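Participant: Quick one: structure below, then a few questions.
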Amino acid sequence: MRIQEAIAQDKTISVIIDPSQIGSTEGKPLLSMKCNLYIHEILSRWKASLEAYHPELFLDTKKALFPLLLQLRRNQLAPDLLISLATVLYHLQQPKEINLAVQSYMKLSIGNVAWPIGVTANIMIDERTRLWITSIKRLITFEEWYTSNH
Amino acid sequence: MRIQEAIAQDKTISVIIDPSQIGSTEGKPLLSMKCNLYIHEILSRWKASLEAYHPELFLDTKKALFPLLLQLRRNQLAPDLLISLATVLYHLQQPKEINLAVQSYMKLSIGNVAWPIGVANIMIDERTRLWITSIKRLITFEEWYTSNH
Numbered sequence: 079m080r081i082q083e084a085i086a087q088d089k090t091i092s093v094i095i096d097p098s099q100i101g102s103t104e105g106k107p108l109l110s111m112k113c114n115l116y117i118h119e120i121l122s123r124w125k126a127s128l129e130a131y132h133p134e135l136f137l138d139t140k141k142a143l144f145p146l147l148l149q150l151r152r153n154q155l156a157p158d159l160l161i162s163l164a165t166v167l168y169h170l171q172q173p174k175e176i177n178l179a180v181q182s183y184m185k186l187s188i189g190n191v192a193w194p195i196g197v198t218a219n220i221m222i223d224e225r226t227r228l229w230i231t232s233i234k235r236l237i238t239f240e241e242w243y244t245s246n247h
Numbered sequence: 079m080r081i082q083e084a085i086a087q088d089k090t091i092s093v094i095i096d097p098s099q100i101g102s103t104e105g106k107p108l109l110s111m112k113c114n115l116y117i118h119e120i121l122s123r124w125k126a127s128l129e130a131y132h133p134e135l136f137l138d139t140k141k142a143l144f145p146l147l148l149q150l151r152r153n154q155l156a157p158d159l160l161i162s163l164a165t166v167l168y169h170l171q172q173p174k175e176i177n178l179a180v181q182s183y184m185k186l187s188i189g190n191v192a193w194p195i196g197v218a219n220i221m222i223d224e225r226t227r228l229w230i231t232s233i234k235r236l237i238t239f240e241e242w243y244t245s246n247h
């Protein structure tokens with residue numbers, strides 16, 4: 079079968095992440111794609127805010143994120159690595175949980191699995226993974242700014 | 079009779095500049111609006127590709143051009159000044175004439191009247227110096243745009 083390709087074209091999937099699905103082995107393909115869609119959505123809003131938020135950093139962040147985005151679209155991320163990323167993104171989607179997103183990010187940052195906080218150990222981090230982790234931090238700061246300015 | 083309030087609402091005017099009208103006294107109001115319309119169109123294409131071309135300079139360029147545009151919309155520019163600006167914008171509309179546009183721009187920035195090259219003196223103010231500087235940004239963007247597609 080070619081389920082992953084069906085998922086990538088499925089227009090009934092939104093960017094909204096349900097925390098209860100984080101960790102589910104069966105819901106992994108779907109969650110992987112949702113993270114891909116939301117990251118694209120965050121970049122879309124930054125692009126709409128270029129005039130007001132670090133325009134000189136956009137293009138580079140976007141480009142550094144392409145490999146991760148492709149991995150998410152193809153569901154090639156490791157279980158615990160997806161769990162940690164989805165956790166960061168989930169909290170980032172929640173009102174007033176910017177500190178929970180940062181806390182989760184720091185866990186992912188030092189090779190530790192991150193699970194959602196208040197709702198519902219080790220992970221391998223190579224040069225490839227380290228690259229997008231660093232970039233994800235820029236999305237976090239953009240969202241913090243976007244929220245405070247709206 | 080606010081005709082400037084009429085020309086600005088007319089959708090029968092395009093951005094295309096006819097060089098034979100640059101020094102016309104009767105066509106001043108029309109040419110002035112055309113320059114306004116063309117500059118907006120350039121800022122529009124830059125906007126559409128903001129991430130690809132110096133996004134950090136866009137906002138400042140728009141702000142510096144705001145007062146010029148208002149003046150163009152109201153036909154408030156002195157004859158010699160409109161002539162020079164129109165000349166620069168006219169050549170800019172010609173891809174293979176980017177160098178003639180820059181040459182015309184140099185005259186304008188020096189306070190001299192720029193007449194179409196393919197086909218005496220002026221005075222410069224502060225706020226005026228402000229928009230003359232941003233015009234060069236429109237030129238650099240255009241060169242990049244027509245080169246990257």
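Chains as they are written, first to last, in PDB author numbering: chain B, 79 to 198, 218 to 247; chain A, 79 to 197, 218 to 247.
For every residue, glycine included, the Cβ atom is placed at its ideal position computed from N, Cα and C.
For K140(B), report the span of its alpha helix (DSSP H) as first-last.
Facilitator: That run of the alpha helix (DSSP H) goes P133 to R151.
Participant: Is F136(A) close to chain B, meaning its C-beta is less than 8 Å from at least one C-beta of that chain?
Facilitator: Output row for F136(A): interface = yes.
Participant: Among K234(B), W124(B) and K112(B), which one has its Cα closest to the Cα of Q149(B)?
Facilitator: Nearest option by C-alpha distance: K112(B).
Participant: Using a Cβ-Cβ distance cut-off of 8 Å, determine whether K112(B) contacts chain A.
Facilitator: Output row for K112(B): interface = no.
Participant: Beta-carbon of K106(B) versus every beta-carbon of chain A: anything under 8 Å?
Facilitator: For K106(B), the answer is no, since every Cβ of chain A falls outside 8 Å of its Cβ.
Participant: Any beta carbon of chain A sitting closer than 8 Å to that of residue 202(B)?
Facilitator: Since the model of chain B passes from 198 to 218 in one step, residue 202(B) is not part of what is shown.
Participant: Could you tell me the boundaries of the alpha helix (DSSP H) in which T226(A) lies?
Facilitator: Element bounds for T226(A): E224 to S245.
Participant: Considering only DSSP beta bridges, list what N190(B) is partnered with.
Facilitator: DSSP lists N219(B) as partners of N190(B).
Participant: Whether or not the region 112-127 of chain A and the region 175-187 of chain A are in contact is what I'm after, with contact meaning three or more pairs of Cβ atoms, one per stretch, closer than 8 Å; do they touch?
Facilitator: No: the two stretches stay apart, fewer than three of their Cβ pairs being nearer than 8 Å.
Participant: Assign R235(B) to one of two classes, buried (16 or more other C-beta atoms within 10 Å of its C-beta) or exposed (fewer than that).
Facilitator: Looking at its Cβ environment, which holds 16 or more other Cβ atoms inside 10 Å, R235(B) is buried.
Participant: Quick one: which chain B residues come within Cβ less than 7 Å of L128(A)?
Facilitator: Simply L128.
Participant: Is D158(A) helix, strand or coil when you go by DSSP?
Facilitator: In this structure, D158(A) counts as helix in the three-state DSSP scheme.
Participant: Do you know whose CA, among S245(A), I95(A) and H132(A), lies nearest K174(A)'s CA?
Facilitator: Closest option to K174(A), Cα to Cα, is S245(A).
Participant: Between which two residues does the alpha helix (DSSP H) harbouring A126(B) extend?
Facilitator: Note, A126(B): alpha helix (DSSP H), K106 to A126.
Participant: Where residue 200(A) and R123(B) are concerned, what is the direct C-alpha to C-alpha distance, given to the nearest angstrom?
Facilitator: Gap in chain A between 197 and 218; residue 200(A) lies inside it and carries no coordinates.
Participant: Taking Cβ positions, are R152(A) and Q82(A) nearer each other than 8 Å?
Facilitator: Contact flag set, yes.
Participant: How should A126(A) be labelled, buried or exposed, when 16 other C-beta atoms within 10 angstroms of its C-beta is the threshold for buried?
Facilitator: Counting Cβ neighbours within 10 Å, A126(A) comes out exposed, since fewer than 16 surround it.
Participant: Run through DSSP, which three-state label would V180(B) get?
Facilitator: DSSP places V180(B) in helix when its eight states are reduced to three.
Participant: Whose CA, out of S110(A), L108(A) and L135(A), lies closest to the CA of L121(A)?
Facilitator: Nearest option by C-alpha distance: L135(A).
Participant: What residues from the region 155-187 of chain B come within 7 Å of chain A, judged by C-beta to C-beta, listed N to C?
Facilitator: For the region 155-187 of chain B, which is checked against every Cβ of chain A, not one residue is closer than 7 Å.
Participant: Reducing DSSP to helix, strand and coil, say where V197(B) ends up.
Facilitator: Correct three-state label for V197(B): coil.
Participant: Which chain A residues are close to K125(B), counting only those with a beta carbon under 7 Å from its beta carbon?
Facilitator: Here the neighbours are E129.
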